[PDB]
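Below is one structure, written out as C-alpha cells; the observations come after it.
The basis for the numbers below is simple: all heavy atoms, side chains too, and nothing from hydrogens, waters or symmetry mates. We name chains A, B, ... by the order of the sequence lines, and we start the count at 1 in each one.
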Amino acid sequence: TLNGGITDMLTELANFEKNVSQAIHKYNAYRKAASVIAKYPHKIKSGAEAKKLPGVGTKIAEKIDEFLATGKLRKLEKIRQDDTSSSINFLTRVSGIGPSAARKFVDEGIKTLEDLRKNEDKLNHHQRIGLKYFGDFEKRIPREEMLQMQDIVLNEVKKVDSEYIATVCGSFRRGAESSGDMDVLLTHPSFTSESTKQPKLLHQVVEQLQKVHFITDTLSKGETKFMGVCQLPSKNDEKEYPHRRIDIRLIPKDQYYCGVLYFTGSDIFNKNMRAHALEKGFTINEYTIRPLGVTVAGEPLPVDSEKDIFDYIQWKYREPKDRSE
DNA sequence: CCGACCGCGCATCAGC
DNA sequence: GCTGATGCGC
DNA sequence: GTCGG
Ligand SMILES: Nc1nc2c(ncn2[C@H]2C[C@H](O)[C@@H](COP(=O)(O)CP(=O)(O)OP(=O)(O)O)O2)c(=O)[nH]1
Ligand SMILES: [Mg+2]
Ligand SMILES: [Mg+2]
Ligand code: NA
C-alpha cells in the first residue's frame, strides 16, 4: 500500500458522500480517484503529481496536499466529530440499511446497535438478518475457507443436476487471499436467452443448499438472483465458523462470458470498462455487448470468450487477477 | 461551461 | 392487481 | 467531484 493513507482518506470521503450527503456521483468520483491512485506505482509526493491521474481533479489535489503536509484532513476530522454523520455512517454498516433508512432511524432516535436490537419490529426482513449477523459479516473469509465453501456448493449443485455449472467469481476468481463474501455464477442448459425450458432452476439449488444446512438465511430471492447467508460445518468440540454472505446469480447459458466478466469484477473495473465501452460506442451489461447507433443500443454482438469483449472496445485482455481495481 | 457519469435484480411504495 | 419510482445491493 | 468537447 504505497499510498494507503491517501486512498483511505478518499474512501472515507466517498462513504461520507454516499451515506450522509446521499450524493451518488461524488461517492463514485471519490472511489474512482481512490482506485486510480491505488494502482499508481509511485509513492505520491504532491497533489499536482496526483492530479495528472484521470479522476483526480483540483479539489482532490488540494486535499492530497493537506494530507501529505499534516497527515490528516480537517474536513474529515469534523465529520468524525459530528454525531449525526457518525450515527448514519454506523447504521449503514448493517446490510439492508442504506443512506435513507439510516437517516430515518436516526430521526426516530434509533442510532446504536443496542437501539436496533430493541426495535427489531421496525426492521424489514433483510435488515433483521443484517443485524442478526452484524458481527460475522464484517469478518473476512480466508481463501482456505472459500475453497471449502466452493467444494460444498459445486458438489451440492452437481447433486441436483449434473448439467448445472457453478462458477465462483467475485474477489475469489481474481485470486484474492481473502473475500468479503462468496459470489456464485450459475448456468443450466435449460435457461438461455432464447427460452426457459425449466422452472425453479435457481430455487432447486437454494433448496438443496438449505437442505444440507449450508444456506442458513435468505435476504432476497427471485428467479435469477439469490442473496443470503451460509455457514461451513464445523467439527466436534470446534467453535463454529462465522456466518457468511453468499450471492448466487443464474445467467443464460449462452451469455456466460458477459456474465462471468460481470461477476468477476471488481465493481470499479466493470464501471471503468463499461465507461470505456460507451466511449468506443458500445454498451456492456452482464448479458450482452451491443453497439450504440447514431441515435439506442443495437442487437447483441457475437461473443465466444471474455477476450472477445475486450477486443470490441479495443482493450488488451486482462486476467481476473489484474482486475482488482 | 455543463451534461453525463455502468448497468441491473429484488423489495418496497405510491398511485391508479 | 399493475406500473413506475425509489432504496439497497451485486 | 471530474471531465470531454
Ligand atoms: N457493473 C457492476 N458490477 C458490480 C457492481 N458491484 C458488484 N459488481 C460485480 C463485480 C463484483 O466482482 C461482483 C461481486 O460483487 P461483491 O461480492 O459485492 C464485491 P467483490 O468484488 O466480489 O469483492 P469482495 O469484497 O466480496 O471480496 O459483482 C456494480 O456496482 N457495477
Ligand atoms: Mg464478492
Ligand atoms: Mg457479493
Ligand atoms: Na448497509
* Asked: Is A:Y27 near enough to C:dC8 that one of its side-chain N or O atoms lies under 4.0 angstrom from OP1 or OP2?
  -> no
* To do: When you get a sec, tell me which of D:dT2, B:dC6, B:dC10 is the closest nucleotide to the side chain of A:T224?
  => B:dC10
* **Whole angstrom value for the distance that separates P of B:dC6 from CG of A:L261** => 15 Å
* **Row check, A:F282 ring normal vs A:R290 NZ/CZ: under 6.0 Å, within 45°** => no
* How would you label the contact of A:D267 with the nucleic acid (heavy atoms, under 4.0 Å): base, sugar-phosphate, or nothing? -> nothing
* Asked: Checking all strands, does A:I24 fall into the base, sugar-phosphate, or nothing category for heavy-atom contacts under 4.0 angstrom?
  -> nothing
* Report which part of the nucleic acid A:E17 touches: base, sugar-phosphate, or nothing (heavy-atom distance under 4.0 Å, all strands). => nothing
* Using the P atom on both, measure B:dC6 against D:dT2 and round to a whole Å. => 15 Å
* Structure fact -> A:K225 brings a side-chain heavy atom under 5.0 Å of base atoms that line the minor
* Asked: Are more than 12 heavy atoms from other residues, nucleotides or ligands located less than 6.0 Å from atom CD of A:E194?
  -> no
* To do: Considering non-hydrogen atoms only, spot the tightest contact between A:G47 and A:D65 and give its length.
  => N-OD1, 2.8 Å
* To do: Tell me what A:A101 touches on the nucleic acid: a base, only sugar-phosphate, or nothing, going by heavy atoms under 4.0 Å.
  => sugar-phosphate
* Structure fact -> What residues 28-51 of chain A contributes to the DNA chain D interface at heavy-atom separation below 4.0 Å is A:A29, A:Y30
* Structure fact -> A:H203 atom NE2 is separated from B:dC10 atom P, nearest whole Å, by 14 Å
* To do: Take atom CG of A:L292 and atom P of B:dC6, then tell me their distance rounded to the nearest Å.
  => 14 Å
* Reckon A:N285 touches a base, only the sugar-phosphate, or nothing at all at heavy-atom distances under 4.0 Å? -> sugar-phosphate
* Asked: Do the rings of A:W315 and A:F269 sit parallel, tilted or perpendicular, given the 30° and 60° boundaries?
  -> tilted
* B:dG9 phosphate, OP1 or OP2: any side-chain N/O from A:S220 under 4.0 angstrom? -> no
* Would you indicate, yes or no, if C:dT6 has its OP1 or OP2 atom less than 4.0 angstrom from a side-chain nitrogen or oxygen of A:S100? => no
* Check whether any side-chain heavy atom of A:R249 lies under 4.5 Å from a side-chain heavy atom of A:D183, and answer yes or no. => no
* To do: For A:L219, report the nucleic acid contact type (base, sugar-phosphate, nothing); a contact means any heavy atom under 4.0 Å.
  => nothing
* What is the sugar pucker of B:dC16, north (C3'-endo side) or south (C2'-endo side), as given by the torsion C1'-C2'-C3'-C4'? -> south
* To do: Check whether any side-chain nitrogen or oxygen of A:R249 sits under 4.0 Å from OP1 or OP2 of B:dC8, and answer yes or no.
  => no
* Asked: How is A:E279 classified with respect to the nucleic acid when contacts are heavy atoms under 4.0 Å: base, sugar-phosphate, or nothing?
  -> nothing
* For A:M227, report the nucleic acid contact type (base, sugar-phosphate, nothing); a contact means any heavy atom under 4.0 Å. => sugar-phosphate
* Taking atom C1' of D:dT2 as reference, at what distance in whole Å does atom CD1 of A:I64 sit? -> 13 Å
* Is it possible for you to say whether A:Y256 and A:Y317 belong to one hydrophobic cluster, with membership spreading through side-chain heavy-atom contacts below 4.5 Å? => yes
* Give a yes or no on whether a salt bridge exists between A:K59 and A:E66, defined as a side-chain N under 4.0 angstrom from a carboxylate O. => no
* Rounded off to whole Å, could you give me the CG-to-P distance for the A:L186 and C:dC10 pair? => 19 Å
* Taking everything shown except A:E138 itself, do over 12 heavy atoms lie less than 6.0 Å from its CD? -> yes
* Would you mind classifying the nucleic acid contact of A:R245 as base, sugar-phosphate or nothing, using non-hydrogen atoms under 4.0 angstrom? => sugar-phosphate
* Rounded distance in Å - CG (A:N272) to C1' (B:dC6) -> 10 Å
* Kindly state whether the pair A:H25 / B:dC5 counts as stacked, where counting means centroids closer than 5.5 Å and planes tilted less than 30° apart. => yes
* A:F226 CZ - C:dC10 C1' separation (whole Å) -> 14 Å
* **Side-chain donor/acceptor of A:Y262 to base of C:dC10, under 3.5 Å** => yes
* Nearest listed nucleotide, side chain of A:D183, among B:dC6, B:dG9, C:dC10 -> C:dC10
* Backbone N/O of A:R140 and side chain of A:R244: donor-acceptor pair under 3.5 Å -> yes
* Within residues 298-325 of chain A, residues whose heavy atoms come under 4.0 Å of DNA chain B -> none
* Asked: So what does A:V184 hit on the nucleic acid, given a heavy-atom distance under 4.0 Å: a base, only sugar-phosphate, or nothing?
  -> nothing
* Pair A:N15-A:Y27, side-chain donor/acceptor within less than 3.5 Å -> no
* Structure fact -> Expected label for C:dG1, using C1'-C2'-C3'-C4' where a positive value gives north and a negative one south, is north
* Give one of base, sugar-phosphate or nothing for A:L53, where a contact means two heavy atoms less than 4.0 Å apart. => sugar-phosphate
* Would you kindly give the CG-to-P distance between A:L278 and D:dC3, to the nearest whole Å? => 18 Å
* Among the candidates B:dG7, B:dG9, B:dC6, find the nucleotide nearest to the side-chain atoms of A:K271. => B:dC6
* From CD1 (A:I152) to CD (A:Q231), nearest 0.5 Å -> 10.0 Å
* Asked: A:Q255 versus A:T288: any side-chain heavy-atom pair under 4.5 Å?
  -> yes
